[PDB]
Amino acid sequence: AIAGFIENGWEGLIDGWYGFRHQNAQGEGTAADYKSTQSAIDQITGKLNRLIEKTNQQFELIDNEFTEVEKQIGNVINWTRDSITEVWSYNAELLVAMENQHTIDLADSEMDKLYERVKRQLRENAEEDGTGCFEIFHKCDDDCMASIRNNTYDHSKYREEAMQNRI
Amino acid sequence: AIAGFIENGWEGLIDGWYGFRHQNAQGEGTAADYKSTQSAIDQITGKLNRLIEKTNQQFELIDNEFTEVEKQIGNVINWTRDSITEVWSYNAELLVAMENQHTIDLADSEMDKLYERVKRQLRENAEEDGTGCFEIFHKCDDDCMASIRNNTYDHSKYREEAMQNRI
Amino acid sequence: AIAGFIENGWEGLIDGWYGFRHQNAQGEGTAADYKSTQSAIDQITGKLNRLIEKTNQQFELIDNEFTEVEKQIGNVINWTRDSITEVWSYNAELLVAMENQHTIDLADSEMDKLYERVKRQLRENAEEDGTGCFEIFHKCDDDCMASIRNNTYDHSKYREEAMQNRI
Amino acid sequence: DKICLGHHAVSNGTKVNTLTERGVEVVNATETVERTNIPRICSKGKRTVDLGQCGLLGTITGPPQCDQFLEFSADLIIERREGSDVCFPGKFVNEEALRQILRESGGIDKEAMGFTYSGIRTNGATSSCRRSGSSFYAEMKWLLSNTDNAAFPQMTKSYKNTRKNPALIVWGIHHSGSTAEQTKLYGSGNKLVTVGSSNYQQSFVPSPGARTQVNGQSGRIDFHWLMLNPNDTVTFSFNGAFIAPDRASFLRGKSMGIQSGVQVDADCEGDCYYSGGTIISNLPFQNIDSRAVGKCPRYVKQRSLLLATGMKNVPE
Amino acid sequence: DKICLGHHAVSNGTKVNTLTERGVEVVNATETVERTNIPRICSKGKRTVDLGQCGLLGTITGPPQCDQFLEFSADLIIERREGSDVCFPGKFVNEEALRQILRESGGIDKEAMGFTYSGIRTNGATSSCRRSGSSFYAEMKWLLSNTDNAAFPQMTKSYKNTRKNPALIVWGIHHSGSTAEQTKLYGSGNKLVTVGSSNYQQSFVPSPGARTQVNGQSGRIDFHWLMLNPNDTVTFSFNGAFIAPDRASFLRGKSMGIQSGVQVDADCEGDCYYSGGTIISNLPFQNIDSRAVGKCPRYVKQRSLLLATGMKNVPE
Amino acid sequence: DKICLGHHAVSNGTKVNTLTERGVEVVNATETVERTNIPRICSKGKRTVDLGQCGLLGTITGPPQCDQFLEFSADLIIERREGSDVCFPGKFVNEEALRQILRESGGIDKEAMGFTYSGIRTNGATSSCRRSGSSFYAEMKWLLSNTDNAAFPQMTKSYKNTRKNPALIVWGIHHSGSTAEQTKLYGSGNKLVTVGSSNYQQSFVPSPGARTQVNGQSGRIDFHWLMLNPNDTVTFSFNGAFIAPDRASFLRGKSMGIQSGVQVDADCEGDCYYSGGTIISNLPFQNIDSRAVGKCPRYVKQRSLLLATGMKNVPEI
Ligand SMILES: *[C@@H]1O[C@H](CO)[C@@H](O)[C@H](O[C@@H]2O[C@H](CO)[C@@H](O)[C@H](O)[C@H]2NC(C)=O)[C@H]1NC(C)=O
Ligand SMILES: *[C@@H]1O[C@H](CO)[C@@H](O[C@@H]2O[C@H](CO)[C@@H](O)[C@H](O)[C@H]2NC(C)=O)[C@H](O)[C@H]1NC(C)=O
Ligand SMILES: *[C@@H]1O[C@H](CO)[C@@H](O[C@@H]2O[C@H](CO)[C@@H](O)[C@H](O)[C@H]2NC(C)=O)[C@H](O)[C@H]1NC(C)=O
Ligand SMILES: *[C@@H]1O[C@H](CO)[C@@H](O)[C@H](O)[C@H]1NC(C)=O
Ligand SMILES: *[C@@H]1O[C@H](CO)[C@@H](O)[C@H](O)[C@H]1NC(C)=O
Ligand SMILES: *[C@@H]1O[C@H](CO)[C@@H](O)[C@H](O)[C@H]1NC(C)=O
Ligand SMILES: *[C@@H]1O[C@H](CO)[C@@H](O)[C@H](O)[C@H]1NC(C)=O
Ligand SMILES: *[C@@H]1O[C@H](CO)[C@@H](O)[C@H](O)[C@H]1NC(C)=O
Ligand SMILES: *[C@@H]1O[C@H](CO)[C@@H](O)[C@H](O)[C@H]1NC(C)=O
Ligand SMILES: *[C@@H]1O[C@H](CO)[C@@H](O)[C@H](O)[C@H]1NC(C)=O
Ligand SMILES: *[C@@H]1O[C@H](CO)[C@@H](O)[C@H](O)[C@H]1NC(C)=O
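Residues numbered from 1 in each chain as written, not as in the entry; some residues may be left out. Chains lettered and ligands numbered in written order. Heavy atoms only, no water.

- For this deposition, the record names cryo-EM as the technique by which the model was determined and cites 3.2 Å as its resolution.

Here it is as structure tokens:
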């Protein structure tokens, strides 16, 4: 019923990019992780701010459309312009493909670091389910869901019960 | 006897790149994992398909070798050609070094994906040994080793004997 | 309150880039690692040496600054030179940005490689706190701390003590 | 009981390329190659000249199509496809270089030289200009001598270029339509024109044309281009056919003028221009035209390159 | 018990460059810089003309060695080191531009100029050009003044381009190599050549003197060329030294011309050639020659660059 | 007990630019764009000719400023703004191509042309070229008519290149300051100079008139040149107003040229030079001069690009 980033995304998570889904006896719901989404979107925005940097170099026209240039110089110009076009087409495709690879891998890195943050916050009172779910071995409702989202949850809550529950 | 990917590589896998090796009642079994191998090969093949691609921009002769061309335009042509050669030599050196770095990191990431997938399947029984292998506390026969090789393995049922042996 | 790694860092580490800091009751203190430091610095120096990229292509002087060249070829030279300069400025900014991203990601991944090596080397005898320390349940002073600082540590002799705790 | 960490997804996203594979679906991506142009020239806030039947190269010479644009300042100079640089047919010997500096010249300022001699007739009857009647360019004289059977006098006229700016000197040589025209329009005998400077030192000789009837009249004008450095002197020593300039041309400053085939829109501003319109987007690349002027996105051949802005889209 | 994870290895791999280490050993890698080539030009699927002992401009001028190529039609044009553009000594002006045009022309479609002459002799046979006896260029009419020691009448010929493609018109000027020979051949007096069209204007003057001996001759015939836009007309006004065209040359389509010193080979079917062989490969880079023509790898300085195809090699 | 891992951090640090974010703090970074220069030419180890008052093209024709450079041999050629290519007013035609040829030439090896003249004055001189009071280009002959206001006979001269290297042959065409000057010298009539070889053919005509005074005499010489292939011949045919070569110029080898305004430094060795100095650096980029020539960093427009050498400087509480 409930599955995380390992196998699928959440089609219903519109407010925010990263978040936590709570399935319990004490209700059910979804809430976004403000800091993770804010970091990812500001970091990607910075990437776009780099991409849209202007050249700040004005280029004059060298060739002439209305009246042709001399064939010798025109052919040298077309050779140079085509070589420059090939260089910029290569650089544009390599940059877009490489940055798309970095954007996807970066988003996965953010997913893994947030996942590990949760794992290291829960420590021995929770276990991974291998799908993105964490199995919680103590009874708890939304108060600790918020404490996890707020990075305030402490594991010192009847640890012995969770160990007995998983030993 | 047999070490994993962290300590060294292993000579002997002729079919595929990635695989599993284990000690059990039968002894030193070896098998390849063809799905992670095909994933890595497909990504490398796509990378080479992008790199091993020829352009469609046709270039003709600008200067001659049978007779010399005007010295000033000839030197401008040689300078432009040499600068383009320097640009493509830089781009080729950086492309090969960067893509070789991505290929090596790709292979290590795929090895890590296999390692992590096994860890997540094994749960409390994973017992990483620091060499790139997993110590199995329950007595695991050939059928459970095969179940680990593919993606259908139950961490339960074994947990009781595994934890009695572990603790 | 010595938990630098996840959040604060160590501003007091003098001898190396990576190291160990100890909370042991006999007296707290800091020591540096040299092997992961030497590896990271060797890779970074390798990058700087690769990045020298000293050319062996001799470029002559075409544009005469004392007497101007014919204006049409002069503007051809200025356009070609400015396009080449834009290509090299793009390549330099992209190369430096890539190398800085890879240098930071490499150094952070080297700190993660050391961290993961320590966690696996300690097996189940230590628990992550999630701020940048390992909580060691067995108390020890010179042999275990030197063994952990090194790449050789026997986790068996302390396995019973660590497993007796927490449960 | 159970908690879950996950990420957003969409029922159908967009496809971007990566280093290892093509067609990778992501939730959100933007374009890095601009495809949408503005059909009109965005010149808002900048001084412009919308030069029509007159070409840019004619702003020195003064064809009847732009007599009113002989002297101006401009930030953006626009030449049109229909533009012509002649009244009487002719061509510039170094046409592209002079056009290249005019597009970078910022406009034009002028200073009279002179040629205050006798035996010369300024109008130079041409039937290709009808502003009032037969005439030549506003800024040049046809030194035709005393009509028929009139030898041309030897002239040695120079200009000192006393201002600090370099001087743009444009003059010409008339190739008549026949030998009879050289004999009766400029007189019998040989024709020699020698132009000196500290760096020019070039002579020209006209020849009988016998050329096709382009714009009715046969023959051609050679428009010759000279640059002077500050305080230099241009010397025109001649007795042959000669088209005498009245005024030297000087530069104004920056222009980056663009040749264009579309109407001017003064209510929009931008810096990238091409013959088919303008680019006002801030994307790093375009596939609209490689022949861009100004602070413009870099030209690529790919129609579109999508840069991911979201994460990998894995639908439920 | 124990389950171990790992990867394959090889006993002897290859070395590749990376971003942190220049010599990282990998299990497998391929070459990205091609050094292998085929010693012969490849023509399968393309119409190929092999101009053995013939220069490309001899397909326009028509020396005896080029007699079979006056109307050649080909996709690939091969020039040879041993070939020549002329048989009677001389040089083309802007010969590089003309070769650049011809190498892309698709071949040459010759069409008669239709010039009729009177008062001259149209033979002009010379000992340097032979076709079982003295001859001249197949496509050029060397026009002499009657027999000898007589004035050459001035003639003004013209040609109109009525086809959709631009017409290539080629003519020459004969520098006799001696003033006495010029005055015996074309008579005494000053000589003058004017040639022009709506977008072309040139004049030439014969220059007698003394020159070295090539193929036993002392004179030199230089060749000039003109492009005519569709529906345009060219005029040729001469007082002698016509070296008149007999046929206009039209471009058939598109081609890619090359220079080569090696034999042609039908079987390979390659897409890019260089002097000395053909480069048939799918690799992105080459280290064979920088002056490559076609759609083929970009030249790099590196002898070899190895692109890893497998993972890194840990030899144990 | 607690075992903490961590990393070296600094209280100050520097900033670098990354692909994703600008201004990322790092503990250490270096520069990849060279901004430092040496305001002098590091010519150590190379034979250097410092052409102070001598223009490079005058090292072929030999104006007084080039008296000591007539047969110069050098690996590095330094040109300066204060120098001149000519002494008698004039210029070279296709002067940039000839300068480009000379800069890599390796120096000049002159061989006697072997032209024998009779019936003319071969000792012409001008007040603008004063080697000892009144002289002309040392390596070229100013050929005048037998007497003033007298005919100059037409002559044909030729040279065969018997060396394995091609010869650089330079000749001048004298454009008189007046029709009287072209009548007083050389005699009346139309003048013509024709020059040719198996693969070269040009014809030049002097044009008398009137010009402004430059460096004294209001005349001009246009200096033309050709390359002569090995085993070929050159024929010069002239009726007057032709400045004949006295010696053929062969190229010695390989060199590079510099245009600069700075002192030559023979105690330091550098890789490339520019108008303001020498660039000695092992950094891949420079932001000082886009037209530097030699084997040295590529020019970028970035004032400084900081390449991290340390890791990200996360500050400690
Ligand atoms: C454009 O081309 C002109 C000549 O055609 C050239 O003068 C420009 O650069 C010149 O560079 C010199 C040294 O770098 C400098 O001293 C000179 O002032 C400068 N020209 C002007 C007008 O400022 C060429 N442009 C570039 C960017 O090199
Ligand atoms: C250089 O390439 C340009 C185009 O990239 C050529 O100009 C085009 O030629 C085609 C065919 O004649 C026309 O339909 C286009 O309108 C032309 N465009 C422009 C902007 O001129 C140009 O002729 C080429 N130069 C040479 C010497 O071949
Ligand atoms: C431009 O560079 C080419 C080389 O790519 C030069 O061609 C060489 O010229 C020398 C002249 O002696 C020959 O010996 C070589 O065999 C030529 N090599 C090739 C590959 O053609 C060419 O001369 C250069 N042009 C100028 C003006 O310097
Ligand atoms: C967590 O933070 C939210 C605001 O983001 C607040 O409304 C909620 O009460 C907090 N919960 C806890 C347990 O701190
Ligand atoms: C995994 O391997 C075992 C070994 O026999 C096989 O029975 C099982 O069906 C395999 N799983 C899948 C999904 O094919
Ligand atoms: C372990 O580390 C200590 C330093 O704390 C060093 O002196 C000792 O030699 C090391 N031993 C080994 C086996 O590496
Ligand atoms: C997704 O599907 C809807 C179905 O109507 C369609 O309207 C929309 O355009 C689609 N979007 C994409 C990006 O495919
Ligand atoms: C995609 O990003 C743009 C901003 O660039 C935003 O306006 C749009 O809503 C985003 N769409 C989705 C589906 O995230
Ligand atoms: C590398 O892969 C290619 C693929 O065609 C193969 O031909 C070659 O033999 C392989 N080399 C090694 C050493 O595995
Ligand atoms: C040339 O002019 C004729 C006039 O009858 C016209 O029919 C033809 O289409 C024109 N050709 C071109 C290419 O303009
Ligand atoms: C930073 O790196 C440079 C590398 O050239 C080195 O010289 C410098 O000493 C380093 N500084 C510090 C504080 O590590």
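Now that the structure is up, let's keep going.
**Thoughts on the overall build of chain F**
- Helices and strands together make up the secondary structure of chain F, namely three helices and 27 strands.
- For 317 residues, the compact-globule estimate of 2.2 N^0.38 gives 20 Å, and the C-alpha radius of gyration of chain F, at 28 Å, exceeds that figure by more than 25%.
- Dimensions along the principal axes, computed over C-alpha positions, put chain F at roughly 115 × 45 × 35 Å.
- Across the 317 residues of chain F, 57% fall into the buried class.
- When contacts within chain F are restricted to residue pairs at least 6 apart in sequence, long-range pairs at least 24 apart make up 77% of them.
- A total of about 12,200 Å² of accessible surface is found on chain F, and carbon and sulfur atoms cover 44% of it.
- Charged side chains in chain F number 35 positive and 29 negative. The centres of these two groups are separated by 5 Å. (Helix = DSSP H or I, 4+ residues; strand = E, 2+ residues; numbered from the N terminus. Rg over C-alpha atoms; globule rule 2.2 N^0.38 Å. Buried < 20%, exposed > 50% of the residue type's maximum accessible area, 1.4 Å probe, protein only. Contact = heavy atoms within 4.5 Å. Areas by Shrake-Rupley, 256 points an atom, 1.4 Å probe, with all protein chains shown as cover. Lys, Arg positive; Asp, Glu negative; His and termini not counted. Charge placed at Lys NZ, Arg CZ, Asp CG, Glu CD.)

**Some words on the state of the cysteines**
- Using the criterion set out here, one finds 15 disulfides over all chains in the structure.
- Note on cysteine connectivity: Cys 140 of chain B is disulfide-linked to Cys 144 of chain B, with sulfurs 2.0 Å apart.
- Taking relative accessible area as the criterion, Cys 140 of chain B reaches 3% and is therefore assigned buried.
- Across chain F, the way the bonded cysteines pair up, counted in sequence order, is 1-6, 2-3, 4-5, 7-8.
- A disulfide-free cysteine, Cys 133 of chain C has its sulfur positioned 4.0 Å from the sulfur of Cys 4 of chain F, the nearest such atom.
- Residue classification places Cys 4 of chain F among the buried positions, given a relative accessible area of 0%. (Disulfide = S-S within 2.5 Å.)

**So, the relation of the copies chain B and chain A**
- The operation relating chain B to chain A is a screw motion whose rotation component is 121°, with 0.5 Å of axial translation and a residual RMSD of 0.9 Å. The operation mapping one copy onto its partner corresponds to a three-fold rotation axis. Taking the C-alpha atom as reference, chain B places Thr 80 of chain B closest to the rotation axis, 4.2 Å from it. (Least-squares fit on C-alpha atoms.)

**Thoughts on the interface of chain B and chain E**
- Tallying the contact residues gives 72 residues for chain B and 64 residues for chain E.
- Both sides of the chain B and chain E interface together cover about 6,200 Å² of buried area, and 57% of this is carbon and sulfur.
- Run the count over chain B and chain E and you get 28 residue pairs in polar contact.
- Elements with a contribution of two residues or more to the side of chain B that touches chain E: β1 (18-23), α1 (34-51), α2 (71-122), β3 (133-135) and α3 (142-149) of chain B.
- The dominant element in the side of chain B that touches chain E, judged by the number of residues it contributes, is α2 of chain B, at 22 residues.
- Residues that form the side of chain B that touches chain E fall into these classes: 37 nonpolar, 21 polar and 14 charged. (Buried area = accessible area lost by both parts, 1.4 Å probe. Polar contact = N/O pair within 3.5 Å; in protein donor to acceptor, adjacent residues only side chain to side chain. Nonpolar A, V, L, I, M, F, W, Y, C, P; charged D, E, K, R; others polar.)

**With respect to the site of ligand 4**
Residue and element names in this part refer to chain A.
- What surrounds ligand 4 is the set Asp 143, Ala 146, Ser 147 and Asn 150.
- Between ligand 4 and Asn 150 there is a distance of 2.4 Å, counted from an oxygen atom to a side-chain nitrogen or oxygen.
- Of the residues belonging to the shell around ligand 4, the class tally is one nonpolar, two polar and one charged. (Near = heavy atom within 4 Å.)

**A look at helix α1 (residues 95-105) of chain D**
All names here are of chain D.
- Where burial is concerned, most of α1 is hidden: 10 out of the 11 residues are buried.
- Along α1, the residues classified as buried are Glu 95, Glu 96, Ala 97, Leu 98, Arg 99, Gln 100, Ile 101, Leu 102, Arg 103 and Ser 105.
- At the C-terminal side of α1, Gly 106 shows a positive phi close to 80°.

**What to know about the interface of chain B and chain A**
- Contacts between chain B and chain A engage 23 residues on the former and 24 residues on the latter.
- Across the chain B/chain A interface, buried area totals approximately 2,300 Å², and carbon plus sulfur atoms make up 67% of it.
- Contact with chain A buries area across many residues of chain B, yet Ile 62, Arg 120 and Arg 123 of chain B alone supply 24% of it, more than any other trio.
- Between the two partners, chain B and chain A, sit two salt bridges.
- Put simply, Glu 127 of chain A and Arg 123 of chain B hold a salt bridge, and the shortest N to O gap is 3.6 Å.
- The tally of links from chain B across to chain A stands at four residue pairs in polar contact. (Salt bridge = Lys/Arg side-chain N within 4 Å of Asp/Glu carboxyl O.)

**So, the packing of aromatic side chains**
- Counted according to the given criterion, the structure contains 54 aromatic pairs over all chains.
- Judged by centre distance (3.9 Å) and plane angle (20°), the ring pair of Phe 238 of chain D and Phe 242 of chain D falls under stacked.
- Among the residues examined, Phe 242 of chain D registers a relative accessible area of 0% and is labelled buried.
- Here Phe 115 of chain F and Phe 236 of chain F contribute two aromatic rings whose centre-to-centre distance is 6.2 Å and whose plane-to-plane angle is 70°, an arrangement assigned as edge-to-face. With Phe 115 of chain F in the loop between β10 (108-112) and β11 (140-142) and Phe 236 of chain F in strand β17 (residues 233-238), the pair connects residues that are 121 residues apart, well separated along the chain. Accessibility assignment for this pair places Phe 115 of chain F and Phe 236 of chain F in one class, buried.
- Here a set of aromatic residues connected by ring pairs shows up, and it is made of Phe 115, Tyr 117, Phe 152, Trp 171, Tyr 186, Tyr 200, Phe 204, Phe 236, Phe 238 and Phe 242 of chain E. (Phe/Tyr/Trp six-rings, centres within 6.5 Å; stacked < 30°, edge-to-face > 60°.)

**Details of the domain arrangement of chain F**
- Domains assigned within chain F are domain 1 (1-36 + 281-317) and domain 2 (46-258).
- One C-alpha centre belongs to domain 1 of chain F, the other to domain 2 of chain F; they are set 55 Å apart. (Domains from an automatic or database assignment.)

**A closer look at the site of ligand 6**
All names here are of chain C.
- Taken together, the residues surrounding ligand 6 are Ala 146, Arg 149, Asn 150 and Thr 152.
- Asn 150 is positioned such that a nitrogen or oxygen atom in its side chain is 2.4 Å from an oxygen atom of ligand 6.
- Within the complex, 36% of the 370 Å² of free accessible area of ligand 6 lies under protein.
- By residue class, the composition of the shell around ligand 6 is one nonpolar, two polar and one charged.

**Side note on the packing of α2 of chain B against α3 of chain B**
Residue and element names in this part refer to chain B.
- Here α2 crosses α3 at 125°, and the two axes come no closer than 10 Å. With respect to α3, the axis of α2 lies oblique. Here α2 contributes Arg 117, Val 118, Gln 121 and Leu 122 to the contact with α3, which in turn contributes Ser 147, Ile 148 and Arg 149.
- Looking at the contact of α2 with α3 residue by residue, the class counts come to three nonpolar, two polar and two charged. (Axes fitted to C-alpha atoms, helices over the stretch in contact; angles between N-to-C directions. Parallel < 35°, antiparallel > 145°, perpendicular 65-115°, else oblique.)

**Some points on the sheet that holds strand β9 (residues 76-79) of chain D**
- Spatially, three strands are ordered β7-β9-β21 (chain D) in an open sheet, and the strand pairing comes out parallel. Of all strands in the sheet, those with a lone pairing partner are β7 (48-50) and β21 (258-259) of chain D, marking the two edges. (Pairing = 2+ DSSP bridges.)

**Focus on a nonpolar patch on the surface**
- On the surface, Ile 167 of chain A, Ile 167 of chain B together with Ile 167 of chain C cluster together into a nonpolar patch covering about 280 Å² of accessible area.
- Mapped onto the secondary structure, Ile 167 of chain B falls in the segment after α4 (159-166). (Patch = residues over 30% accessible without salt bridge, like charges linked within 9 Å, V, L, I, M, F, W, Y side chains within 5 Å.)

**Describing the environment of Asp 15 of chain A**
Residues and elements named next belong to chain A.
- On the secondary structure map, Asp 15 appears in the segment before β1 (18-23).
- Given the relative accessible area of 67%, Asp 15 is considered exposed.
- Sequence-wise, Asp 15 and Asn 56 are 41 residues apart; in three dimensions their C-alpha atoms are separated by 38 Å.

**Thoughts on unusual backbone geometry**
- Even without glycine at this site, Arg 123 of chain B takes up a positive phi of about 55°.
- Relative to the helices and strands, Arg 123 of chain B resides in the loop between α2 and β3.
- Classification of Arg 123 of chain B as buried rests on a relative accessible area of 13%.
- Residues other than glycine seldom take positive phi values, yet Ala 241 of chain F does so here, at roughly 60°.
- Following the sequence through the fold, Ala 241 of chain F ends up in the loop between β17 and β18 (242-245).

**Points about the pattern of salt bridges**
- The full count for this structure, using the stated rule, is 85 salt bridges over all chains.
- Close ionic contact of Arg 99 of chain D with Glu 95 of chain D constitutes a salt bridge, the shortest N to O distance being 3.1 Å. Of the two residues, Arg 99 of chain D and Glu 95 of chain D are both situated in helix α1; the distance of four residues between them amounts to about one turn of the helix.
- By relative accessible area, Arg 99 of chain D is classed as buried at 3%.
- By relative accessible area, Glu 95 of chain D is classed as buried at 12%.
- For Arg 163 of chain E, the salt bridge identified is with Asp 109 of chain E, shortest N-O distance 2.9 Å.

**What to know about the nonpolar core**
- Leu 122 and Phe 134 of chain B, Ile 73 and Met 98 of chain C together with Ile 3 and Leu 5 of chain E are the most contacted members of the largest nonpolar core, which totals 90 residues.
- Elements with a contribution of two residues or more to this core: α2 (71-122) of chain A, β1, α1, α2 and α3 of chain B, α3 (71-121) of chain C together with β1 (2-7) of chain E.
- Sort the elements by how many residues they give to this core and α2 of chain B lands first, with 21 residues.
- Ignoring anything within four residues of it in the chain, the contact list for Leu 122 of chain B reads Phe 134, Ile 136, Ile 148, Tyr 153 and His 155 of chain B. (Core = buried A, V, L, I, M, F, W, Y, C linked by side-chain atoms within 4.5 Å.)

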